[PDB]
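Asker: An experimental structure, sequence included, is below.
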There are 4 protein chains.
Amino acid sequence: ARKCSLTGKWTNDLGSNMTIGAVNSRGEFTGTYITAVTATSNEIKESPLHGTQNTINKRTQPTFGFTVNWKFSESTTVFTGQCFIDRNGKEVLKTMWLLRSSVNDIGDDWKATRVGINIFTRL
Amino acid sequence: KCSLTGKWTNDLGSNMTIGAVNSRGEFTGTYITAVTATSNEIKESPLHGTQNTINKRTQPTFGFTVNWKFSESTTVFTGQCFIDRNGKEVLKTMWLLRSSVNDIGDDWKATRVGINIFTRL
Amino acid sequence: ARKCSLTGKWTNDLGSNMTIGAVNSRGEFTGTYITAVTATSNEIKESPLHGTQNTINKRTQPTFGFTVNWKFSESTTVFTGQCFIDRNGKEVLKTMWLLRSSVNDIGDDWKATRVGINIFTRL
Amino acid sequence: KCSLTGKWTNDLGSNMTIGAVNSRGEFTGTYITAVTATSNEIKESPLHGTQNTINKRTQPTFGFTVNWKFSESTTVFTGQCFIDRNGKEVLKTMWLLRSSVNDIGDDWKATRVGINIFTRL
Ligand SMILES: C[C@@H](OC(=O)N1C(=O)N[C@@H]2[C@@H](CCCCC(=O)O)SC[C@@H]21)c1cc2c(cc1[N+](=O)[O-])OCO2
Ligand SMILES: C[C@@H](OC(=O)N1C(=O)N[C@@H]2[C@@H](CCCCC(=O)O)SC[C@@H]21)c1cc2c(cc1[N+](=O)[O-])OCO2
Ligand SMILES: C[C@@H](OC(=O)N1C(=O)N[C@@H]2[C@@H](CCCCC(=O)O)SC[C@@H]21)c1cc2c(cc1[N+](=O)[O-])OCO2
Ligand SMILES: C[C@@H](OC(=O)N1C(=O)N[C@@H]2[C@@H](CCCCC(=O)O)SC[C@@H]21)c1cc2c(cc1[N+](=O)[O-])OCO2
Ligand SMILES: *[C@@H]1O[C@H](CO)[C@@H](O)[C@H](O)[C@H]1NC(C)=O
Ligand SMILES: *[C@@H]1O[C@H](CO)[C@@H](O)[C@H](O)[C@H]1NC(C)=O
Ligand SMILES: *[C@@H]1O[C@H](CO)[C@@H](O)[C@H](O)[C@H]1NC(C)=O
Ligand SMILES: *[C@@H]1O[C@H](CO)[C@@H](O)[C@H](O)[C@H]1NC(C)=O
């Protein structure tokens, strides 16, 4: 089997793109995310992400997580999922995400977390 | 003025340390979990994340990833740092726990979800 | 060990309340929910809920699911959890929920779902 | 005009039928899943839920619970029925799969999360 590697430029059906740089010996990587959609009402900007891939037993399809530090919103998104060789032999990232909104009041914390999936292929 | 830096615990008795948050909002930390979904022995594990600095909010949101050192799994946490008028701090978060599955046909069952509330330890 | 039963009036820390009726032999139940808070700009009203308790292997601490059909918004929330006898011998419902907002456009689907917990105790 | 009533399938080839939706928005249905997290043999299982009828929207939200007949688990699904200019419908949902745990101490790991997209026939 190929190893599924995170390093590279990725896209989803929507056409958001993200670029992940080299993954270091501690499993750390950095990258940038450019979303095609927003919950905000200002200009979208390219935002950094930082995360780690899990290296336990050196799996060829490893899990990973990362945090996107949005540069245009007070929110944060975290993604986690796994790098798979898909049925067609291509790498695919199968992820899920939580988008945390900023709320003014701790009484509103209950409504601040949205959840979804995101599936990425190489661009 | 709600800062992520410090030692934190939850009601379960898991603890977390977080270091200085740099001017880009990056921090690293450790997480020692009281419980695992695994049969392995727990080991303190590193975390890395960022705090959101847009508009220098006093109660910022943030995310981090815990890179478990006794499992093939990864957990992410996101939430917000609340600070009351005593200056008591609370991090209210939700997490996704991603297990490693051997086949892509099992991906659907690989992601668990929950909350974790942390106070200063 | 008591059987943990869904039937009864329940509250959470926030003071939202819920009443669940008799659970039938097919494990169905009906009730009502009054939420203390809301994410819409709308006026809050008591709303019905309908769900089932799982009765496989007649467990004393069953899982269950229910849908709240909000009467004051176009939203729906589903809750699922388990009815435990807690360490102190009280019943407790430990649940998680998904709150589905109505969006006007399919392209907004990605952001229509919030997630949370709710812990109920008998009122 | 987006109606829930019908037989539905997803990319995995799970199927679901939903019957008539009454004037209170209630419906019942069945779910035959292609996959399971369990080691039991899958059996068709009943589902019950409601469609939201406030402002009688063309693309209403709805929820339902699947009462699995081969597991101690329960799944809830919630989402929205979308209908294109052509009359082609799709149900975009997310779900929580609650496992049964023996002790309240394991509750934190009992809830899995996912999506499911259904189409007609
Ligand atoms: C599930 C969804 O996820 C994404 O691809 N998403 C993106 O690429 N961007 C949004 C991001 C929001 C950045 C926000 C900052 C803020 O608003 O605070 S986080 C997940 C979502 C998606 C949305 C779509 C879509 C296809 C997909 N998808 O392919 O997964 O088509 C129209 O909208
Ligand atoms: C919801 C729960 O969350 C946690 O605190 N959790 C932990 O501190 N540990 C587990 C972690 C699992 C490490 C695993 C690596 C692997 O297994 O693959 S991730 C979230 C959960 C929790 C449980 C409790 C509690 C308070 C909280 N809480 O505040 O988060 O009191 C009684 O039990
Ligand atoms: C986690 C949270 O959950 C609830 O209690 N929730 C409620 O009782 N109400 C909201 C409901 C919203 C109905 C919305 C219709 C619409 O807006 O579209 S859905 C579950 C959530 C909660 C919020 C709190 C709190 C304690 C808890 N809790 O104990 O879980 O203290 C002050 O705010
Ligand atoms: C995300 C996933 O979800 C499903 O379709 N699912 C199913 O139809 N079956 C599993 C169910 C198992 C219930 C369990 C009883 C028990 O084990 O306790 S609940 C949701 C999931 C899915 C998987 C796929 C797919 C498309 C989708 N989808 O559209 O959601 O194509 C390849 O595999
Ligand atoms: C993603 O990359 C493609 C090709 O580089 C480009 O045409 C598209 O606009 C990019 N998406 C965004 C949101 O920038
Ligand atoms: C958390 O720290 C406390 C006291 O400092 C300690 O007794 C407890 O063992 C720690 N929890 C874990 C899982 O290490
Ligand atoms: C919960 O019920 C108690 C009545 O016992 C009531 O005082 C409280 O306000 C109720 N909550 C709501 C939202 O009605
Ligand atoms: C779904 O329906 C199709 C035929 O209509 C059938 O071939 C398929 O096996 C069904 N799926 C399951 C899981 O029963």
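Answerer: Nice, I can see it. Residues are numbered from 1 along each chain as shown, chains lettered A, B, ... in the order given. Ligands and ions are numbered 1, 2, ... in the order given.
Asker: Determine the three-state secondary structure at the residue sitting furthest away from the middle of chain A.
Answerer: With distances taken as Cα atoms, centre = their mean, the residue sitting farthest from the centre of chain A turns out to be residue A:107, at 28.7 Å. What DSSP: H, G, I helix; E, B strand; the rest coil gives for residue A:107 is helix.
Asker: gap between the closest residue to it other than its chain neighbours and residue A:111?
Answerer: Closest residue in space to residue A:107, ignoring its immediate chain neighbours: residue C:37 at 7.6 Å, by Cβ to Cβ, 6 or more residues apart in numbering or on different chains. Yep, even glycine has a C-beta here, placed from its N, CA and C like the rest. Distance, residue C:37 to residue A:111, using Cβ to Cβ, to the nearest Å: 8 Å.
Asker: Looking at the two, which one has more neighbours?
Answerer: Shown here are residue C:37 and residue A:111; by other Cβ atoms under 10 Å in any protein chain shown, residue A:111 has more neighbours (15 against 12).
Asker: The more buried one - nearest residue in space that isn't next to it in sequence?
Answerer: Per Cβ to Cβ, 6+ apart, closest to residue A:111 is residue C:39, 4.8 Å.
Asker: Tell me how many other residues crowd whatever residue of chain A ends up closest to chain D.
Answerer: When scored by Cβ to the nearest Cβ, chain A has residue A:117 as its residue closest to chain D, at 5.0 Å. By the other Cβ under 10 Å criterion, the neighbourhood of residue A:117 contains 18 residues.
Asker: these two touch, right, it and residue D:116?
Answerer: No. Residue A:117 is beyond contact range of residue D:116, at 10.4 Å (criterion: Cβ atoms under 8 Å).
Asker: give the contact list for the most centrally placed residue in chain A.
Answerer: Central residue of chain A (Cα atoms, centre = their mean): residue A:79, 4.4 Å from the mean position. Residue A:79 makes contact with A:51, A:65, A:66, A:68, A:95, A:96, A:97, A:118, B:76 under the criterion Cβ atoms under 8 Å, 6 or more residues apart in numbering or on different chains.
Asker: Most neighbours among these, which one?
Answerer: Within those, residue A:66 tops the neighbour count with 34 neighbours, counted by other Cβ under 10 Å.
Asker: which one is that one nearest to, not counting chain neighbours?
Answerer: For residue A:66, ignoring the flanking residues on the chain, the nearest one in space by Cβ to Cβ, 6+ apart is residue A:51 at 2.4 Å.
Asker: Who is residue A:85 paired with across the strands?
Answerer: On the basis of DSSP bridges, residue A:85 is bridged to residue A:91.
Asker: that older thread, and the residue nearest to the centre of chain A, how close does it get to ligand 8?
Answerer: 30 Å (Cβ to the nearest ligand atom, to the nearest Å).
Asker: so how far is ligand 1 from that residue?
Answerer: The gap separating residue A:79 from ligand 1 is 8 Å, by Cβ to the nearest ligand atom.
Asker: Send me the helix or strand where that residue lies as CSV with only the CA atoms.
Answerer: Element membership of residue A:79 [criterion: DSSP states H and E] is strand A:76-85. The C-alpha trace of strand A:76-85 is given here as CSV (Å, rounded to 0.1, in the frame of the first residue of the first chain):
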residue,chain,number,x,y,z
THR,A,76,-11.8,28.7,15.6
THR,A,77,-12.3,25.4,13.6
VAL,A,78,-10.6,22.1,14.6
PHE,A,79,-10.6,19.2,12.2
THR,A,80,-9.7,15.5,12.9
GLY,A,81,-9.8,12.5,10.7
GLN,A,82,-7.7,9.9,8.9
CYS,A,83,-5.5,9.8,5.7
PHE,A,84,-6.8,6.8,3.7
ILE,A,85,-5.8,5.3,0.4
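Asker: Now residue A:70: closest residue in space that isn't a chain neighbour?
Answerer: residue A:47 (4.9 Å).
Asker: Hmm, the one you found is touching residue A:31, no?
Answerer: No. Between residue A:47 and residue A:31 there is no contact under Cβ under 8 Å: 9.9 Å.
Asker: which residue ranges form the helices in chain A?
Answerer: For chain A, applying DSSP state H gives no helices.
Asker: Could you pick out the residues of it near chain D for me?
Answerer: Residues of chain A lying near chain D by Cβ under 8 Å from any Cβ of the partner chain: A:96, A:115, A:116, A:117.
Asker: rerun at 7 Å
Answerer: A:96, A:115, A:117 (Cβ under 7 Å from any Cβ of the partner chain).
Asker: Now do the contacts for the second one.
Answerer: Spelled out, it's residue A:115. Counting by Cβ atoms under 7 Å, 6 or more residues apart in numbering or on different chains, residue A:115 makes contact with A:96, A:97, A:98, B:113, C:113, C:115, D:94, D:113.
Asker: how does it look with 6 Å?
Answerer: Contact analysis of residue A:115 by Cβ atoms under 6 Å, 6 or more residues apart in numbering or on different chains lists A:98, C:113, C:115.
Asker: Skipping adjacent residues, who's closest to it in space?
Answerer: Using Cβ to Cβ, 6+ apart, the nearest residue to residue A:115 is residue C:115, at 4.6 Å.
Asker: Residues in a beta bridge with the one you found, which ones?
Answerer: As for beta bridges, residue C:115 partners with residue C:98 under DSSP bridges.
Asker: So what pairs up with residue A:77 in the strands?
Answerer: On the basis of DSSP bridges, residue A:77 is bridged to residue A:68, residue A:99.
Asker: swap in residue A:18?
Answerer: Legend: beta-bridge partners of residue A:18 under DSSP bridges are residue A:10, residue A:33.
Asker: residue contacts, it?
Answerer: A:10, A:31, A:33 are the contacts of residue A:18 under Cβ under 6 Å, 6+ apart.
Asker: hmm, try it at 10 Å
Answerer: By Cβ atoms under 10 Å, 6 or more residues apart in numbering or on different chains, the contact set of residue A:18 is A:8-12, A:31-35, A:46-47, A:49, A:66, A:68, A:79, A:93, A:118, A:120, A:123.
Asker: Ligand 7 versus whatever residue of chain A ends up closest to ligand 3, what's the distance?
Answerer: Of all residues in chain A, residue A:110 sits closest to ligand 3, at 3.6 Å by Cβ to the nearest ligand atom. Using Cβ to the nearest ligand atom, residue A:110 is found at 14 Å from ligand 7.
Asker: Repeat that for residue A:84.
Answerer: From residue A:84 to ligand 7 the distance is 46 Å (Cβ to the nearest ligand atom).
Asker: wait, isn't that residue in contact with residue A:5?
Answerer: No. Residue A:84 is beyond contact range of residue A:5, at 11.7 Å (criterion: Cβ atoms under 10 Å).
Asker: Mutual contacts of these two, please.
Answerer: Taking Cβ under 10 Å, 6+ apart as the contact rule, residue A:84 and residue A:5 both touch A:60, A:62, A:91.
Asker: what sits against the first one?
Answerer: Shown in contact with residue A:60 (Cβ under 10 Å, 6+ apart): A:1, A:2, A:3, A:4, A:5, A:83, A:84, A:85.
Asker: my guess is the third one contacts residue A:83, does it?
Answerer: Yes. Assessed by Cβ under 10 Å, residue A:3 is found in contact with residue A:83 at 8.5 Å.
Asker: which residues are common contacts for the two?
Answerer: With Cβ under 10 Å, 6+ apart as the test, residue A:3 and residue A:83 both reach A:59, A:60, A:61, A:62, A:91.
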